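# Fold the following and give me the result.
(chains A, B, C, D, E, F, G and H)
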Amino acid sequence: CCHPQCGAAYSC
Amino acid sequence: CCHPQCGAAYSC
Amino acid sequence: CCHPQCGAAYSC
Amino acid sequence: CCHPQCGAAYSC
Amino acid sequence: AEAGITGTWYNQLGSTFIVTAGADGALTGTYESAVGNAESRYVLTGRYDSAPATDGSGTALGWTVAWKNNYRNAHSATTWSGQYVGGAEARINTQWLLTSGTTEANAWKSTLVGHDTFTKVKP
Amino acid sequence: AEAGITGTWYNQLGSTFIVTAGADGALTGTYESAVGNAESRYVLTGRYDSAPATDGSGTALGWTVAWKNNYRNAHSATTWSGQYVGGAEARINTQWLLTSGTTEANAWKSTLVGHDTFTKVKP
Amino acid sequence: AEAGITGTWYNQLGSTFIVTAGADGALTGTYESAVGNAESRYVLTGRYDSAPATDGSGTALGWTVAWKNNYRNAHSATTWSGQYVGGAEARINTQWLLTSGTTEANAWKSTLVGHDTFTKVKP
Amino acid sequence: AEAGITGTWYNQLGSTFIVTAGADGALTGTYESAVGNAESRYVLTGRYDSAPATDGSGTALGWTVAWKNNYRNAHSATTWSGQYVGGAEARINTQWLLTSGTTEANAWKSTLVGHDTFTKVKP
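Numbering: from 1, shown residues only, chains lettered A, B, ... in the order given. Structure as follows:
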């Protein structure tokens, strides 16, 4: 998950 | 049309 | 339910 | 367009 | 996973999806209510990816049911689009579109959208 | 009226599809691109209301195309849901769902949605 | 381009979309019919990408209208999702979801789906 | 009732949103991840039926989140449309549309569709 919607608390 | 979305400006 | 999709066994 | 639907042409 | 898809499936509402997966990507079957009476049985036809990745990805597929049989006609049709996921708890996750035949005036409200999850055992 | 549906239809994106409407409610044919060469042709199957309302309403229908043929495989399937409307300028108005086979982590973003309008005359 | 979005827009059905784009990414306005009477006006609120890409892409946005004003209440709400495309023929291409309040038995059919294209001049 | 809606909601995927339901029909709040870091917080705005029916129907609503905050921009926006069902285990059942800003060429694949069910109990 890289999109904010799926809770992407990471930086791709 | 009986719903505001289709421009319902009448009385159904 | 009056539509075949929601499980209508017979027409309403 | 790299997908058959958007009238794609060849591979990708 | 032709073997995986072929068989009887049940959604959250109780409906029964009986399908056969052909070797060339064809889907054929019947869609009926939980009771199974003949008057609630409708023909279905669709397609599926007959050569999916074998790395754990799902198998894409879709099918259509026109709501008309020898006993009734609801002047509408529904298409299910989604993917088959095999394994201990196999499931077919879908989103669907239900379109009703309407006059030009009611066309804007002709289509309903929803989602169904089918499993091998009754919900 | 299978007479009205059977034939060649063109959409806005430049795609083409030739379909035959059986008297039994089945839709069969091929979906292709502009040029229409063996590489971009895909099998399509669906269903339609073979006995529509004669009150001016449209004819409900739907079909599926799994994007795999002898030359390519996009591991995905698209379903079109809509209605046929006859007349001097006949047309098939639809909405579609395109689902790709995905791993479980990406399942949430596996389905695209859009709309297509097909006519009997090239755009 | 709040300078692009702010203003009056019209869809293919004759409805009028009056909106103001805040520099913070907020959308505020009113949604009404052709007649434009107070009884046919409804509040709308939404959001938009206030710093779009400079690669020629559109500007993503979305807004909601609950169908209740001080005179009528349709117990439903619609959300439009799409993008603004500037230039000579500026427009907002959208797809929408109309959900109606329903009982559990009817929740399966609570949502309609469609698409609207908004332009700066009446169609 | 705004009281029933006001509060913290969680979805099946870990996301969390804190919303305040105004007496006028406004929804204002924040959508964020489980971790809850300031970098994962986005503003949300929407509307809801503030005077629902008393016939067992759910309460219609919808909201929008443009995916841009002070730390990131995904050039996209999502709209959720659905209804609030109160009671022992209250919940919000929704369907959403996620649109990304795209060039004209890729406009056909600009929107994803899905569904989310939110609850007041951390699942």
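# List the contacts of residue 5.
Picking chain A for this. F:108, H:15, H:65, H:67, H:78, H:98 (CB atoms under 8 Å, 6 or more residues apart in numbering or on different chains). (C-beta placed from N, C-alpha, C; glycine too.)
# Wait, chain E was what I had in mind.
Contact analysis of residue E:5 by CB under 8 Å, 6+ apart lists E:19, E:21, E:27, E:48, E:59, E:61, E:84, E:92.
# so residue E:69 touches residue E:41, yeah?
Yes: here residue E:69 reaches residue E:41: they are 6.2 Å apart, a contact under CB atoms under 8 Å.
# Find the residues that touch each one of those two.
If you check residue E:69 and residue E:41 against CB under 8 Å, 6+ apart, no residue is contacted by both.
# Now do the SS call for the most centrally placed residue in chain A.
In chain A, the centroid-proximal residue (CA atoms, centre = their mean) is residue A:8; its distance is 1.7 Å. The three-state label given to residue A:8 by DSSP: H, G, I helix; E, B strand; the rest coil is coil.
# For the nearest residue to it once chain neighbours are set aside, list the residues it contacts.
Of all residues not flanking residue A:8 in the chain, residue A:1 sits nearest, at 4.6 Å (CB to CB, 6 or more residues apart in numbering or on different chains). The contact partners of residue A:1, by CB under 8 Å, 6+ apart, come to A:7-8, A:10, F:105.
# which of those residues count as buried?
Buried subset of those (neighbour count, 16 or more other CB atoms under 10 Å in any protein chain shown): A:7-8.
# Show me which residues of chain A are close to chain H?
Contacts of chain A with chain H, taken as CB under 8 Å from any CB of the partner chain, map to A:3-9.
# ok, those vs residue H:9, which is closest?
Taking CB to CB as the measure, residue A:7 is the one of the residues of chain A next to chain H closest to residue H:9, at 13.7 Å.
# The closest one touches residue H:42, doesn't it?
No: using CB under 8 Å, residue A:7 makes no contact with residue H:42, being 11.2 Å away.
# which residues are common contacts for the two?
Contacts common to residue A:7 and residue H:42, judged by CB under 8 Å, 6+ apart, are absent.
# Can you say which two of the contacts of residue E:5 are spatially most distant?
E:19 and E:59 (12.7 Å).
# And for residue 9, the neighbour number?
In the absence of a named chain, this looks at chain A. A total of 16 residues lie near residue A:9 under the criterion other CB atoms under 10 Å in any protein chain shown.
# I was after chain E.
By the criterion of other CB under 10 Å, residue E:9 has 22 neighbours.
# Would you mind naming what in chain E lies close to chain B?
Residues of chain E lying near chain B (CB under 8 Å from any CB): E:105, E:108-109.
# Any figure for the gap between residue E:19 and chain A?
Distance from residue E:19 to chain A, counting by CB to the nearest CB, to the nearest Å: 31 Å.
# So which residues of chain E form helices?
For chain E, the helices defined by DSSP state H occupy E:2-5.
# For it, identify the residue most remote from the centre.
What lies farthest from the middle of chain E is residue E:105; by CA atoms, centre = their mean that is 29.4 Å.
# Longest strand of chain E, counting residues only.
Counting residues, the longest strand found in chain E (DSSP state E) is strand E:73-85.
# quick check: angle from that one to strand F:73-85?
Taking axes from the mean of the first three to the mean of the last three CA atoms, to 10 degrees, one finds that strand E:73-85 is oriented at 170 degrees with respect to strand F:73-85.
# does any bit of strand E:73-85 sit next to chain F?
Yes: on the criterion CB under 8 Å from any CB, strand E:73-85 is in touch with chain F at E:73, E:75-83, E:85.
# is that strand up against chain H anywhere?
No: between strand E:73-85 and chain H, judged by CB under 8 Å from any CB, nothing touches; the nearest distance is 9.8 Å.
# Figure out how far that strand is from the centre of its chain.
Its chain's C-alpha centre and that of strand E:73-85 lie 5 Å apart, by CA atoms, centre = their mean, to the nearest Å.
# partners of it, with directions?
strand E:59-68 (antiparallel), strand E:91-100 (antiparallel) (DSSP bridges).
# mind saving the C-alpha coords of the first one as PDB?
Meaning strand E:59-68. The C-alpha atoms that make up strand E:59-68 are tabulated as PDB, following Å, rounded to 0.1, in the frame of the first residue of the first chain:
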ATOM      1  CA  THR E  59      -8.400 -15.100 -11.200                       C
ATOM      2  CA  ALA E  60     -10.300 -12.300 -12.900                       C
ATOM      3  CA  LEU E  61     -13.800 -13.100 -14.200                       C
ATOM      4  CA  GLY E  62     -17.300 -11.800 -14.900                       C
ATOM      5  CA  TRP E  63     -20.700 -13.000 -15.800                       C
ATOM      6  CA  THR E  64     -24.100 -11.700 -16.800                       C
ATOM      7  CA  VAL E  65     -27.700 -12.600 -15.800                       C
ATOM      8  CA  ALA E  66     -30.700 -11.200 -17.800                       C
ATOM      9  CA  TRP E  67     -33.700 -11.400 -15.400                       C
ATOM     10  CA  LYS E  68     -36.000 -13.300 -17.700                       C
END
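# Residue in chain A with the shortest distance to chain C?
Here chain A gets closest to chain C at one residue, residue A:5, 29.2 Å apart by CB to the nearest CB.
# List phi and psi for that residue.
Torsion angles at residue A:5 (phi, psi; degrees, to the nearest 10) stand at phi -70, psi -50.
# Just give the number of residues close to residue E:3.
Using other CB under 10 Å, residue E:3 has 8 neighbouring residues.
# returning to that earlier point: ok, now which ones touch the residue nearest to the centre of chain A?
Residues in contact with residue A:8 (CB under 8 Å, 6+ apart) are A:1-2, H:33, H:40.
# So for the residue in chain E that chain A sits nearest to, what's the nearest residue that isn't a sequence neighbour?
Of all residues in chain E, the one sitting closest to chain A is residue E:93 (15.7 Å; CB to the nearest CB). Spatial nearest neighbour of residue E:93, excluding adjacent residues (CB to CB, 6+ apart): residue E:82 at 5.0 Å.
# contacts for stretch E:34-42?
With CB under 8 Å, 6+ apart as the criterion, stretch E:34-42 contacts C:4, C:7-10, E:10, E:14-16, E:30-33, E:65-69, E:71-72.
# one step back: with neighbour count as extra columns, can I get the contacts of residue A:5 in a markdown table?
Formatted as a markdown table, these follow (neighbours: other CB atoms under 10 Å in any protein chain shown):
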| residue | neighbour count |
| --- | --- |
| F:108 | 20 |
| H:15 | 19 |
| H:65 | 27 |
| H:67 | 22 |
| H:78 | 30 |
| H:98 | 26 |
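# Of these, which is the nearest to residue F:117?
So of these, ranked by how close each gets to residue F:117 (CB to CB), first place is residue H:98, at 23.3 Å.
# what about the closest one, distance to chain B?
22 Å.
# Then residue E:80?
27 Å.
# Spit out the contact partners of residue E:33.
C:4, C:7-9, E:14-16, E:40.
# give me the number of residues near whichever residue of chain A sits closest to chain F?
Closest residue of chain A to chain F, CB to the nearest CB: residue A:6 (5.7 Å). Residue A:6 sits with 17 neighbouring residues when counted by other CB under 10 Å.
# Correct me if wrong: it contacts residue H:11.
No: using CB under 8 Å, residue A:6 makes no contact with residue H:11, being 10.0 Å away.
# thinking again about what came up before, distance to residue F:1 added to the residues of chain E next to chain B, as CSV?
Conversion of the residues of chain E next to chain B to CSV gives the following (distance: CB to CB, whole Å):
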residue, distance to residue F:1
E:105, 21
E:108, 24
E:109, 24
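# Nearest to chain H among these?
Closest to chain H, out of all of these and judged by CB to the nearest CB, is residue E:109, at 14.5 Å.
# neighbours around that closest one, how many?
Other residues within reach of residue E:109, judged by other CB under 10 Å, total 18.
# excluding its backbone neighbours, what's nearest it?
Once flanking residues are discounted, residue E:109 sits nearest to residue G:112: 5.4 Å by CB to CB, 6+ apart.
# who's in contact with that neighbour?
Counting by CB under 8 Å, 6+ apart, residue G:112 makes contact with E:109, E:111-113, G:97-98, G:100.
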